[PDB]
file protein.pdb (PDB, C-alpha atoms (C1' of nucleotides) and all ligand atoms)
ATOM      1  CA  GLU I 106      78.927  57.017 -14.469  1.00  0.00           C
ATOM      2  CA  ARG I 107      75.938  56.471 -16.760  1.00  0.00           C
ATOM      3  CA  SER I 108      77.039  59.195 -19.199  1.00  0.00           C
ATOM      4  CA  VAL I 109      79.554  56.983 -21.019  1.00  0.00           C
ATOM      5  CA  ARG I 110      76.928  54.223 -21.107  1.00  0.00           C
ATOM      6  CA  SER I 111      74.265  56.453 -22.669  1.00  0.00           C
ATOM      7  CA  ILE I 112      76.805  57.793 -25.177  1.00  0.00           C
ATOM      8  CA  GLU I 113      77.699  54.309 -26.435  1.00  0.00           C
ATOM      9  CA  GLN I 114      73.983  53.455 -26.430  1.00  0.00           C
ATOM     10  CA  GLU I 115      73.130  55.995 -29.149  1.00  0.00           C
ATOM     11  CA  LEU I 116      76.249  55.541 -31.289  1.00  0.00           C
ATOM     12  CA  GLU I 117      75.179  51.958 -32.029  1.00  0.00           C
ATOM     13  CA  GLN I 118      71.716  53.104 -33.143  1.00  0.00           C
ATOM     14  CA  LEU I 119      73.469  55.615 -35.437  1.00  0.00           C
ATOM     15  CA  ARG I 120      75.854  53.017 -36.904  1.00  0.00           C
ATOM     16  CA  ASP I 121      74.780  53.686 -40.519  1.00  0.00           C
ATOM     17  CA  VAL I 122      74.437  57.489 -40.589  1.00  0.00           C
ATOM     18  CA  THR I 123      77.217  59.798 -41.631  1.00  0.00           C
ATOM     19  CA  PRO I 124      78.132  62.513 -39.105  1.00  0.00           C
ATOM     20  CA  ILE I 125      77.540  66.011 -40.405  1.00  0.00           C
ATOM     21  CA  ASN I 126      81.219  67.025 -40.267  1.00  0.00           C
ATOM     22  CA  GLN I 127      82.027  64.286 -42.818  1.00  0.00           C
ATOM     23  CA  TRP I 128      79.152  64.795 -45.326  1.00  0.00           C
ATOM     24  CA  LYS I 129      80.664  65.331 -48.787  1.00  0.00           C
ATOM     25  CA  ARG I 130      79.017  68.368 -50.410  1.00  0.00           C
ATOM     26  CA  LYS I 131      79.332  67.998 -54.180  1.00  0.00           C
ATOM     27  CA  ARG I 132      79.060  71.694 -55.147  1.00  0.00           C
ATOM     28  CA  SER I 133      79.155  73.833 -52.000  1.00  0.00           C
ATOM     29  CA  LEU I 134      79.134  77.527 -52.923  1.00  0.00           C
ATOM     30  CA  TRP I 135      80.833  78.659 -49.706  1.00  0.00           C
ATOM     31  CA  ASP I 136      83.937  80.875 -49.897  1.00  0.00           C
ATOM     32  CA  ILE I 137      83.414  81.218 -53.669  1.00  0.00           C
ATOM     33  CA  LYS I 138      84.359  84.755 -54.655  1.00  0.00           C
ATOM     34  CA  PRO I 139      83.414  86.603 -57.861  1.00  0.00           C
ATOM     35  CA  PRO I 140      86.112  86.888 -60.544  1.00  0.00           C
ATOM     36  CA  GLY I 141      88.861  89.312 -59.579  1.00  0.00           C
ATOM     37  CA  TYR I 142      87.913  89.468 -55.880  1.00  0.00           C
ATOM     38  CA  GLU I 143      90.426  86.803 -54.792  1.00  0.00           C
ATOM     39  CA  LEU I 144      92.405  89.432 -52.855  1.00  0.00           C
ATOM     40  CA  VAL I 145      89.363  91.437 -51.688  1.00  0.00           C
ATOM     41  CA  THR I 146      88.068  90.455 -48.265  1.00  0.00           C
ATOM     42  CA  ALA I 147      84.363  90.247 -47.458  1.00  0.00           C
ATOM     43  CA  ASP I 148      84.459  93.303 -45.190  1.00  0.00           C
ATOM     44  CA  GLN I 149      86.089  95.433 -47.898  1.00  0.00           C
ATOM     45  CA  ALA I 150      83.460  94.306 -50.420  1.00  0.00           C
ATOM     46  CA  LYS I 151      80.464  95.380 -48.330  1.00  0.00           C
ATOM     47  CA  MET I 152      81.887  98.847 -47.642  1.00  0.00           C
ATOM     48  CA  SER I 153      82.749  99.308 -51.333  1.00  0.00           C
ATOM     49  CA  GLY I 154      79.043  99.494 -52.213  1.00  0.00           C
ATOM     50  CA  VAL I 155      79.251  97.081 -55.148  1.00  0.00           C
ATOM     51  CA  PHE I 156      77.279  94.467 -53.138  1.00  0.00           C
ATOM     52  CA  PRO I 157      74.250  96.199 -51.589  1.00  0.00           C
ATOM     53  CA  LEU I 158      71.330  94.551 -49.855  1.00  0.00           C
ATOM     54  CA  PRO I 159      67.909  94.668 -51.561  1.00  0.00           C
ATOM     55  CA  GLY I 160      66.652  97.177 -48.991  1.00  0.00           C
ATOM     56  CA  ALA I 161      69.216  99.765 -50.099  1.00  0.00           C
TER      57      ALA I 161
ATOM     58  CA  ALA Y   2      42.823  88.915 -12.163  1.00  0.00           C
ATOM     59  CA  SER Y   3      45.705  86.416 -12.098  1.00  0.00           C
ATOM     60  CA  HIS Y   4      48.256  88.627 -13.874  1.00  0.00           C
ATOM     61  CA  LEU Y   5      48.662  92.101 -15.324  1.00  0.00           C
ATOM     62  CA  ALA Y   6      47.975  92.450 -19.040  1.00  0.00           C
ATOM     63  CA  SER Y   7      50.600  93.900 -21.369  1.00  0.00           C
ATOM     64  CA  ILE Y   8      51.045  94.954 -24.990  1.00  0.00           C
ATOM     65  CA  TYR Y   9      54.807  94.677 -25.452  1.00  0.00           C
ATOM     66  CA  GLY Y  10      55.894  93.744 -28.961  1.00  0.00           C
ATOM     67  CA  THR Y  11      52.271  93.778 -30.084  1.00  0.00           C
ATOM     68  CA  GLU Y  12      50.673  95.527 -33.039  1.00  0.00           C
ATOM     69  CA  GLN Y  13      48.996  97.775 -30.448  1.00  0.00           C
ATOM     70  CA  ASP Y  14      52.428  98.820 -29.131  1.00  0.00           C
ATOM     71  CA  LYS Y  15      53.037 102.051 -31.036  1.00  0.00           C
ATOM     72  CA  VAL Y  16      56.607 102.725 -29.838  1.00  0.00           C
ATOM     73  CA  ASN Y  17      58.110  99.323 -30.734  1.00  0.00           C
ATOM     74  CA  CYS Y  18      57.922  97.832 -34.217  1.00  0.00           C
ATOM     75  CA  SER Y  19      55.895  94.653 -33.741  1.00  0.00           C
ATOM     76  CA  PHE Y  20      57.046  93.266 -37.093  1.00  0.00           C
ATOM     77  CA  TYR Y  21      60.719  93.562 -36.139  1.00  0.00           C
ATOM     78  CA  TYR Y  22      60.061  92.027 -32.713  1.00  0.00           C
ATOM     79  CA  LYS Y  23      58.383  88.915 -34.163  1.00  0.00           C
ATOM     80  CA  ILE Y  24      59.703  88.548 -37.728  1.00  0.00           C
ATOM     81  CA  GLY Y  25      63.174  90.087 -37.371  1.00  0.00           C
ATOM     82  CA  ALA Y  26      62.837  92.291 -40.461  1.00  0.00           C
ATOM     83  CA  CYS Y  27      60.743  95.394 -41.135  1.00  0.00           C
ATOM     84  CA  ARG Y  28      59.794  96.793 -44.528  1.00  0.00           C
ATOM     85  CA  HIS Y  29      61.040 100.262 -43.524  1.00  0.00           C
ATOM     86  CA  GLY Y  30      64.426  99.134 -42.183  1.00  0.00           C
ATOM     87  CA  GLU Y  31      66.622 101.797 -40.616  1.00  0.00           C
ATOM     88  CA  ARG Y  32      64.097 104.494 -41.596  1.00  0.00           C
ATOM     89  CA  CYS Y  33      61.295 103.109 -39.417  1.00  0.00           C
ATOM     90  CA  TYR Y  34      60.098 105.514 -36.733  1.00  0.00           C
ATOM     91  CA  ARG Y  35      59.188 102.665 -34.357  1.00  0.00           C
ATOM     92  CA  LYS Y  36      61.830 100.882 -32.315  1.00  0.00           C
ATOM     93  CA  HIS Y  37      63.965  98.023 -33.637  1.00  0.00           C
ATOM     94  CA  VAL Y  38      65.636  96.608 -30.524  1.00  0.00           C
ATOM     95  CA  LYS Y  39      68.702  94.645 -31.630  1.00  0.00           C
ATOM     96  CA  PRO Y  40      69.678  92.009 -29.043  1.00  0.00           C
ATOM     97  CA  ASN Y  41      73.219  91.727 -27.738  1.00  0.00           C
ATOM     98  CA  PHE Y  42      72.623  88.105 -26.689  1.00  0.00           C
ATOM     99  CA  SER Y  43      70.428  85.889 -28.843  1.00  0.00           C
ATOM    100  CA  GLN Y  44      70.010  82.315 -30.036  1.00  0.00           C
ATOM    101  CA  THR Y  45      68.808  83.344 -33.515  1.00  0.00           C
ATOM    102  CA  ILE Y  46      70.960  84.818 -36.289  1.00  0.00           C
ATOM    103  CA  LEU Y  47      69.913  86.465 -39.550  1.00  0.00           C
ATOM    104  CA  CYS Y  48      71.565  86.284 -42.986  1.00  0.00           C
ATOM    105  CA  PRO Y  49      69.566  88.662 -45.205  1.00  0.00           C
ATOM    106  CA  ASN Y  50      69.135  87.810 -48.893  1.00  0.00           C
ATOM    107  CA  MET Y  51      71.116  84.585 -48.920  1.00  0.00           C
ATOM    108  CA  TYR Y  52      68.737  82.284 -50.844  1.00  0.00           C
ATOM    109  CA  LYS Y  53      68.318  83.461 -54.448  1.00  0.00           C
ATOM    110  CA  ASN Y  54      65.353  81.443 -55.703  1.00  0.00           C
ATOM    111  CA  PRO Y  55      66.013  80.645 -59.398  1.00  0.00           C
ATOM    112  CA  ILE Y  56      62.320  81.281 -60.151  1.00  0.00           C
ATOM    113  CA  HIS Y  57      62.989  85.034 -59.784  1.00  0.00           C
ATOM    114  CA  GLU Y  58      65.786  85.237 -62.379  1.00  0.00           C
ATOM    115  CA  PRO Y  59      65.730  86.378 -66.031  1.00  0.00           C
ATOM    116  CA  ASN Y  60      66.450  82.823 -67.238  1.00  0.00           C
ATOM    117  CA  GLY Y  61      65.322  80.548 -64.407  1.00  0.00           C
ATOM    118  CA  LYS Y  62      62.063  79.541 -66.079  1.00  0.00           C
ATOM    119  CA  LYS Y  63      63.420  76.301 -67.525  1.00  0.00           C
ATOM    120  CA  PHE Y  64      63.630  73.857 -64.590  1.00  0.00           C
ATOM    121  CA  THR Y  65      61.060  71.166 -63.854  1.00  0.00           C
ATOM    122  CA  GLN Y  66      59.405  70.597 -60.487  1.00  0.00           C
ATOM    123  CA  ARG Y  67      61.719  67.700 -59.615  1.00  0.00           C
ATOM    124  CA  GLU Y  68      64.818  69.703 -60.561  1.00  0.00           C
ATOM    125  CA  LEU Y  69      63.653  72.639 -58.431  1.00  0.00           C
ATOM    126  CA  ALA Y  70      63.184  70.414 -55.378  1.00  0.00           C
ATOM    127  CA  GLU Y  71      66.695  68.979 -55.684  1.00  0.00           C
ATOM    128  CA  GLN Y  72      68.134  72.477 -56.155  1.00  0.00           C
ATOM    129  CA  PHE Y  73      66.490  73.800 -52.990  1.00  0.00           C
ATOM    130  CA  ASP Y  74      67.615  70.719 -51.059  1.00  0.00           C
ATOM    131  CA  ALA Y  75      71.138  71.386 -52.333  1.00  0.00           C
ATOM    132  CA  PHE Y  76      70.889  74.864 -50.806  1.00  0.00           C
ATOM    133  CA  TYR Y  77      69.448  73.761 -47.455  1.00  0.00           C
ATOM    134  CA  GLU Y  78      72.030  70.970 -47.276  1.00  0.00           C
ATOM    135  CA  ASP Y  79      74.798  73.492 -47.965  1.00  0.00           C
ATOM    136  CA  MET Y  80      73.365  75.815 -45.297  1.00  0.00           C
ATOM    137  CA  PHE Y  81      72.726  73.370 -42.448  1.00  0.00           C
ATOM    138  CA  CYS Y  82      76.138  71.710 -42.793  1.00  0.00           C
ATOM    139  CA  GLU Y  83      78.105  74.963 -42.623  1.00  0.00           C
ATOM    140  CA  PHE Y  84      76.135  76.433 -39.705  1.00  0.00           C
ATOM    141  CA  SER Y  85      76.596  73.189 -37.748  1.00  0.00           C
ATOM    142  CA  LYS Y  86      80.303  73.981 -37.301  1.00  0.00           C
ATOM    143  CA  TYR Y  87      79.322  76.861 -34.978  1.00  0.00           C
ATOM    144  CA  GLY Y  88      77.461  74.581 -32.549  1.00  0.00           C
ATOM    145  CA  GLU Y  89      74.136  72.796 -32.381  1.00  0.00           C
ATOM    146  CA  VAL Y  90      71.428  74.052 -34.754  1.00  0.00           C
ATOM    147  CA  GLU Y  91      67.883  73.848 -33.397  1.00  0.00           C
ATOM    148  CA  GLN Y  92      65.996  75.130 -36.451  1.00  0.00           C
ATOM    149  CA  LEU Y  93      66.776  76.570 -39.889  1.00  0.00           C
ATOM    150  CA  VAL Y  94      64.184  78.612 -41.798  1.00  0.00           C
ATOM    151  CA  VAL Y  95      64.469  80.014 -45.333  1.00  0.00           C
ATOM    152  CA  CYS Y  96      62.087  82.733 -46.525  1.00  0.00           C
ATOM    153  CA  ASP Y  97      60.649  82.669 -50.055  1.00  0.00           C
ATOM    154  CA  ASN Y  98      59.393  86.264 -50.127  1.00  0.00           C
ATOM    155  CA  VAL Y  99      60.121  89.031 -52.630  1.00  0.00           C
ATOM    156  CA  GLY Y 100      59.879  92.053 -50.330  1.00  0.00           C
ATOM    157  CA  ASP Y 101      63.209  93.839 -50.047  1.00  0.00           C
ATOM    158  CA  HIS Y 102      63.382  93.160 -46.288  1.00  0.00           C
ATOM    159  CA  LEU Y 103      62.583  89.421 -46.367  1.00  0.00           C
ATOM    160  CA  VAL Y 104      63.638  88.083 -49.787  1.00  0.00           C
ATOM    161  CA  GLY Y 105      65.845  85.030 -49.323  1.00  0.00           C
ATOM    162  CA  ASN Y 106      66.415  85.622 -45.616  1.00  0.00           C
ATOM    163  CA  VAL Y 107      68.014  82.745 -43.698  1.00  0.00           C
ATOM    164  CA  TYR Y 108      67.335  82.438 -39.961  1.00  0.00           C
ATOM    165  CA  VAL Y 109      69.356  80.022 -37.820  1.00  0.00           C
ATOM    166  CA  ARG Y 110      68.575  79.350 -34.154  1.00  0.00           C
ATOM    167  CA  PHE Y 111      71.405  77.798 -32.153  1.00  0.00           C
ATOM    168  CA  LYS Y 112      71.054  76.027 -28.823  1.00  0.00           C
ATOM    169  CA  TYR Y 113      73.468  78.335 -26.981  1.00  0.00           C
ATOM    170  CA  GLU Y 114      73.750  82.111 -27.191  1.00  0.00           C
ATOM    171  CA  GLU Y 115      77.551  81.963 -27.412  1.00  0.00           C
ATOM    172  CA  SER Y 116      77.272  79.743 -30.498  1.00  0.00           C
ATOM    173  CA  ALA Y 117      75.234  82.429 -32.264  1.00  0.00           C
ATOM    174  CA  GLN Y 118      77.749  85.160 -31.421  1.00  0.00           C
ATOM    175  CA  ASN Y 119      80.657  83.115 -32.794  1.00  0.00           C
ATOM    176  CA  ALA Y 120      78.676  82.529 -35.999  1.00  0.00           C
ATOM    177  CA  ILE Y 121      78.088  86.186 -36.885  1.00  0.00           C
ATOM    178  CA  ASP Y 122      81.712  86.998 -36.018  1.00  0.00           C
ATOM    179  CA  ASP Y 123      82.940  84.563 -38.694  1.00  0.00           C
ATOM    180  CA  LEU Y 124      80.180  84.821 -41.316  1.00  0.00           C
ATOM    181  CA  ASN Y 125      80.706  88.570 -41.791  1.00  0.00           C
ATOM    182  CA  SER Y 126      84.185  87.767 -43.176  1.00  0.00           C
ATOM    183  CA  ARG Y 127      83.163  84.897 -45.489  1.00  0.00           C
ATOM    184  CA  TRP Y 128      81.586  84.665 -48.935  1.00  0.00           C
ATOM    185  CA  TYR Y 129      78.798  82.600 -50.474  1.00  0.00           C
ATOM    186  CA  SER Y 130      77.922  82.346 -54.182  1.00  0.00           C
ATOM    187  CA  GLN Y 131      80.152  85.271 -55.212  1.00  0.00           C
ATOM    188  CA  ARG Y 132      78.566  87.578 -52.610  1.00  0.00           C
ATOM    189  CA  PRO Y 133      79.682  88.758 -49.160  1.00  0.00           C
ATOM    190  CA  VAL Y 134      77.735  87.318 -46.238  1.00  0.00           C
ATOM    191  CA  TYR Y 135      75.759  89.668 -43.986  1.00  0.00           C
ATOM    192  CA  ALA Y 136      75.186  88.230 -40.506  1.00  0.00           C
ATOM    193  CA  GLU Y 137      73.570  89.687 -37.393  1.00  0.00           C
ATOM    194  CA  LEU Y 138      71.677  88.638 -34.283  1.00  0.00           C
ATOM    195  CA  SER Y 139      67.917  88.525 -34.762  1.00  0.00           C
ATOM    196  CA  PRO Y 140      65.303  88.922 -31.995  1.00  0.00           C
ATOM    197  CA  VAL Y 141      63.184  86.078 -33.411  1.00  0.00           C
ATOM    198  CA  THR Y 142      62.454  83.344 -30.865  1.00  0.00           C
ATOM    199  CA  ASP Y 143      59.176  81.616 -31.811  1.00  0.00           C
ATOM    200  CA  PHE Y 144      58.816  81.092 -35.557  1.00  0.00           C
ATOM    201  CA  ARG Y 145      55.108  80.259 -35.208  1.00  0.00           C
ATOM    202  CA  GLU Y 146      54.390  83.886 -34.274  1.00  0.00           C
ATOM    203  CA  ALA Y 147      56.345  84.999 -37.365  1.00  0.00           C
ATOM    204  CA  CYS Y 148      55.104  82.603 -40.068  1.00  0.00           C
ATOM    205  CA  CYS Y 149      52.123  83.452 -42.247  1.00  0.00           C
ATOM    206  CA  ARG Y 150      49.044  81.561 -41.084  1.00  0.00           C
ATOM    207  CA  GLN Y 151      47.193  81.714 -44.407  1.00  0.00           C
ATOM    208  CA  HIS Y 152      50.318  80.387 -46.166  1.00  0.00           C
ATOM    209  CA  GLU Y 153      50.621  77.115 -44.244  1.00  0.00           C
ATOM    210  CA  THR Y 154      47.124  76.139 -45.414  1.00  0.00           C
ATOM    211  CA  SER Y 155      46.634  76.823 -49.153  1.00  0.00           C
ATOM    212  CA  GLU Y 156      48.327  80.143 -50.084  1.00  0.00           C
ATOM    213  CA  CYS Y 157      48.313  83.687 -48.738  1.00  0.00           C
ATOM    214  CA  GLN Y 158      46.249  86.075 -50.855  1.00  0.00           C
ATOM    215  CA  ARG Y 159      48.947  88.767 -50.516  1.00  0.00           C
ATOM    216  CA  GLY Y 160      51.405  86.710 -52.585  1.00  0.00           C
ATOM    217  CA  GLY Y 161      55.164  87.068 -52.312  1.00  0.00           C
ATOM    218  CA  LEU Y 162      54.830  90.599 -50.918  1.00  0.00           C
ATOM    219  CA  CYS Y 163      53.454  89.274 -47.622  1.00  0.00           C
ATOM    220  CA  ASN Y 164      55.199  90.786 -44.607  1.00  0.00           C
ATOM    221  CA  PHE Y 165      55.167  87.461 -42.731  1.00  0.00           C
ATOM    222  CA  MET Y 166      57.542  84.575 -43.361  1.00  0.00           C
ATOM    223  CA  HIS Y 167      56.593  82.391 -46.330  1.00  0.00           C
ATOM    224  CA  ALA Y 168      58.921  79.598 -45.264  1.00  0.00           C
ATOM    225  CA  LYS Y 169      59.915  77.209 -48.055  1.00  0.00           C
ATOM    226  CA  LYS Y 170      60.127  73.787 -46.436  1.00  0.00           C
ATOM    227  CA  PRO Y 171      62.632  71.239 -47.801  1.00  0.00           C
ATOM    228  CA  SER Y 172      62.154  67.534 -48.388  1.00  0.00           C
ATOM    229  CA  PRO Y 173      61.440  65.538 -45.206  1.00  0.00           C
ATOM    230  CA  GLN Y 174      64.204  63.094 -46.189  1.00  0.00           C
ATOM    231  CA  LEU Y 175      66.896  65.781 -46.056  1.00  0.00           C
ATOM    232  CA  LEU Y 176      65.572  67.305 -42.826  1.00  0.00           C
ATOM    233  CA  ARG Y 177      65.588  63.926 -41.077  1.00  0.00           C
ATOM    234  CA  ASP Y 178      69.041  62.970 -42.371  1.00  0.00           C
ATOM    235  CA  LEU Y 179      70.408  66.312 -41.152  1.00  0.00           C
ATOM    236  CA  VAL Y 180      69.065  66.026 -37.596  1.00  0.00           C
ATOM    237  CA  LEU Y 181      70.404  62.472 -37.306  1.00  0.00           C
ATOM    238  CA  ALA Y 182      73.751  63.505 -38.808  1.00  0.00           C
ATOM    239  CA  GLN Y 183      74.045  66.334 -36.274  1.00  0.00           C
ATOM    240  CA  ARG Y 184      73.205  64.063 -33.329  1.00  0.00           C
ATOM    241  CA  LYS Y 185      76.024  61.689 -34.299  1.00  0.00           C
ATOM    242  CA  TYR Y 186      78.489  64.559 -34.767  1.00  0.00           C
ATOM    243  CA  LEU Y 187      77.554  65.818 -31.303  1.00  0.00           C
ATOM    244  CA  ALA Y 188      77.736  62.330 -29.789  1.00  0.00           C
ATOM    245  CA  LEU Y 189      81.155  61.672 -31.336  1.00  0.00           C
ATOM    246  CA  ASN Y 190      82.493  64.926 -29.853  1.00  0.00           C
ATOM    247  CA  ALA Y 191      81.051  64.159 -26.405  1.00  0.00           C
ATOM    248  CA  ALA Y 192      82.955  60.862 -26.024  1.00  0.00           C
ATOM    249  CA  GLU Y 193      86.322  61.977 -24.676  1.00  0.00           C
TER     250      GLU Y 193
ATOM    251  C1'   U N   1      53.558 101.881 -39.351  1.00  0.00           C
ATOM    252  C1'   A N   2      50.185  97.212 -40.906  1.00  0.00           C
ATOM    253  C1'   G N   3      47.270  91.349 -40.682  1.00  0.00           C
ATOM    254  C1'   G N   4      49.058  88.545 -35.856  1.00  0.00           C
ATOM    255  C1'   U N   5      46.503  88.900 -29.485  1.00  0.00           C
TER     256        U N   5
HETATM  257 ZN    ZN K   1      59.910  98.867 -38.097  1.00  0.00          ZN
HETATM  258 ZN    ZN K   2      51.592  85.416 -46.294  1.00  0.00          ZN
END
call {"tool": "encode", "arguments": {"input": "protein.pdb", "output": "structure tokens"}}
result
Amino acid sequence: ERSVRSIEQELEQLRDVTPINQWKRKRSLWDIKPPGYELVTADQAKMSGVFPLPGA
Amino acid sequence: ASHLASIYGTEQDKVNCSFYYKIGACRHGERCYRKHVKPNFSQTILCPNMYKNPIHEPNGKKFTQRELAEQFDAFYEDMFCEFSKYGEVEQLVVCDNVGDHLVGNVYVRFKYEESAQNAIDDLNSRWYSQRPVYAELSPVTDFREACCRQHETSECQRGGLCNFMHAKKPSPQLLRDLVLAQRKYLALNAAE
RNA sequence: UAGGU
């Protein structure tokens, strides 16, 4: 099959690029909750009304 | 005489909101009298008000032009990397408007429709920058029909209140490094 | 309920 050949034809051209699942993000703001909300889930926060969208 | 003409999703269509069909966000929202058809299957997802541009803050008038470019790249890098875990990302657009329906909106178009559904199912339970994440499927398909034409060349005379997407483009270095990094991640998961 | 077919 030519699939395995074409796969190990592109990996060599990408020998000096880091795959995106490895990329070290220095200060990623994901999953960062406001102070006190460590036990509050995201769904409970939206229904509480303390975090409204700009339209409302 | 080759095909019947139509006006679906057009500004002449008075029963469907043309702005929601092309841009994915209307200034009237849930109070609009014209139809907002929300797709059940879509390749594009919407995260409203995710990018808070520091220029529109009470104290963010202290950064230089080079510092602003690195800050926006830090946001786009943080966005593209996280969305890539839900499948292949075809395009990522960030809106730099101030209207309440388009300010800081983040659109992500996946390659497969199932990838988009799995993204909104997980993003609605996560946080970002001390705020809960709102995620939903957006009917946007072609971003060219949703971007402001007078904003690509020079600037739009309507300013930040334009109802079309004023997309803030990142640095070409980051965009290229991200597409190459995704291709390797997809190649390394195809070799099994 | 618009500026964009
Ligand atoms: Zn509408
Ligand atoms: Zn504009």
call {"tool": "residues_near_ligand", "arguments": {"input": "protein.pdb", "ligand": "ligand ZN 2 (chain K)", "cutoff": "9 Å", "atoms": "only C-alpha atoms (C1' of nucleotides) and all ligand atoms", "output": "JSON, numbers by chain"}}
result
{"Y": [98, 148, 149, 150, 151, 152, 153, 156, 157, 158, 159, 160, 161, 162, 163, 164, 165, 166, 167]}
call {"tool": "resolve_selection", "arguments": {"input": "protein.pdb", "expression": "the PyMOL selection byres (((chain Y and resi 50) around 6) and not hetatm)", "output": "PDB file with C-alpha atoms, in the coordinates of the input"}}
result
ATOM      1  CA  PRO Y  49      69.566  88.662 -45.205  1.00  0.00           C
ATOM      2  CA  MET Y  51      71.116  84.585 -48.920  1.00  0.00           C
ATOM      3  CA  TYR Y  52      68.737  82.284 -50.844  1.00  0.00           C
ATOM      4  CA  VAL Y 104      63.638  88.083 -49.787  1.00  0.00           C
ATOM      5  CA  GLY Y 105      65.845  85.030 -49.323  1.00  0.00           C
ATOM      6  CA  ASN Y 106      66.415  85.622 -45.616  1.00  0.00           C
TER       7      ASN Y 106
END
call {"tool": "resolve_selection", "arguments": {"input": "protein.pdb", "expression": "the PyMOL selection byres (((chain Y and resi 21-28) around 6) and not hetatm)", "output": "VMD selection string"}}
result
chain Y and resid 10 18 to 20 29 to 30 102 139 to 141 147
call {"tool": "write_last_selection", "arguments": {"input": "protein.pdb", "atoms": "C-alpha atoms", "output": "short mmCIF file (atom, residue, chain, number, x, y, z; two decimals), in the frame of the given file"}}
result
data_model
loop_
_atom_site.label_atom_id
_atom_site.label_comp_id
_atom_site.auth_asym_id
_atom_site.auth_seq_id
_atom_site.Cartn_x
_atom_site.Cartn_y
_atom_site.Cartn_z
CA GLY Y 10 55.89 93.74 -28.96
CA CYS Y 18 57.92 97.83 -34.22
CA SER Y 19 55.90 94.65 -33.74
CA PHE Y 20 57.05 93.27 -37.09
CA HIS Y 29 61.04 100.26 -43.52
CA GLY Y 30 64.43 99.13 -42.18
CA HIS Y 102 63.38 93.16 -46.29
CA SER Y 139 67.92 88.52 -34.76
CA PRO Y 140 65.30 88.92 -32.00
CA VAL Y 141 63.18 86.08 -33.41
CA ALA Y 147 56.34 85.00 -37.36
#
call {"tool": "interface_residues", "arguments": {"input": "protein.pdb", "of": "chain Y", "to": "chain I", "cutoff": "8 Å", "atoms": "all atoms listed in the file", "output": "ChimeraX atom specification"}}
result
/Y:30,49-50,79,82,85-86,101-102,125-134,178-179,181-186,188-189,191-192
call {"tool": "resolve_selection", "arguments": {"input": "protein.pdb", "expression": "the PyMOL selection byres ((chain N) within 8 of (chain Y))", "output": "PDB file with C-alpha atoms (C1' of nucleotides), in the frame of the given file"}}
result
ATOM      1  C1'   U N   1      53.558 101.881 -39.351  1.00  0.00           C
ATOM      2  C1'   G N   4      49.058  88.545 -35.856  1.00  0.00           C
ATOM      3  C1'   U N   5      46.503  88.900 -29.485  1.00  0.00           C
TER       4        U N   5
END
call {"tool": "atom_distance", "arguments": {"input": "protein.pdb", "atom1": "atom CA of residue Y:60", "atom2": "atom CA of residue Y:100"}}
result
20.4 Å
call {"tool": "atom_distance", "arguments": {"input": "protein.pdb", "atom1": "atom CA of residue Y:138", "atom2": "atom CA of residue Y:47"}}
result
6.0 Å
call {"tool": "decode", "arguments": {"input": "protein.pdb", "residues": "stretch 177-185 of chain Y", "atoms": "N, CA, C and O atoms", "output": "tab-separated table (two decimals), in the first residue's frame"}}
result
chain	number	residue	atom	x	y	z
Y	177	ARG	N	1.50	30.11	9.92
Y	177	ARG	CA	2.20	29.05	9.20
Y	177	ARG	C	2.67	27.96	10.15
Y	177	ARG	O	2.52	26.77	9.85
Y	178	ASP	N	3.25	28.34	11.29
Y	178	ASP	CA	3.72	27.35	12.25
Y	178	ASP	C	2.59	26.50	12.79
Y	178	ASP	O	2.80	25.33	13.14
Y	179	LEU	N	1.38	27.05	12.86
Y	179	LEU	CA	0.24	26.30	13.38
Y	179	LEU	C	-0.28	25.28	12.38
Y	179	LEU	O	-0.63	24.16	12.75
Y	180	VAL	N	-0.33	25.66	11.09
Y	180	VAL	CA	-0.81	24.72	10.08
Y	180	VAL	C	0.18	23.57	9.91
Y	180	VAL	O	-0.22	22.41	9.75
Y	181	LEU	N	1.48	23.87	9.96
Y	181	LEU	CA	2.48	22.81	9.87
Y	181	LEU	C	2.47	21.93	11.12
Y	181	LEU	O	2.63	20.71	11.03
Y	182	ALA	N	2.28	22.54	12.30
Y	182	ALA	CA	2.21	21.76	13.53
Y	182	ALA	C	1.00	20.84	13.56
Y	182	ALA	O	1.06	19.74	14.11
Y	183	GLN	N	-0.12	21.28	12.97
Y	183	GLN	CA	-1.31	20.44	12.92
Y	183	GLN	C	-1.13	19.29	11.93
Y	183	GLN	O	-1.58	18.16	12.19
Y	184	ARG	N	-0.48	19.55	10.79
Y	184	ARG	CA	-0.26	18.49	9.81
Y	184	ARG	C	0.62	17.37	10.37
Y	184	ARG	O	0.39	16.19	10.08
Y	185	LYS	N	1.62	17.72	11.18
Y	185	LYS	CA	2.44	16.68	11.80
Y	185	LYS	C	1.66	15.91	12.85
Y	185	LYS	O	1.78	14.68	12.94
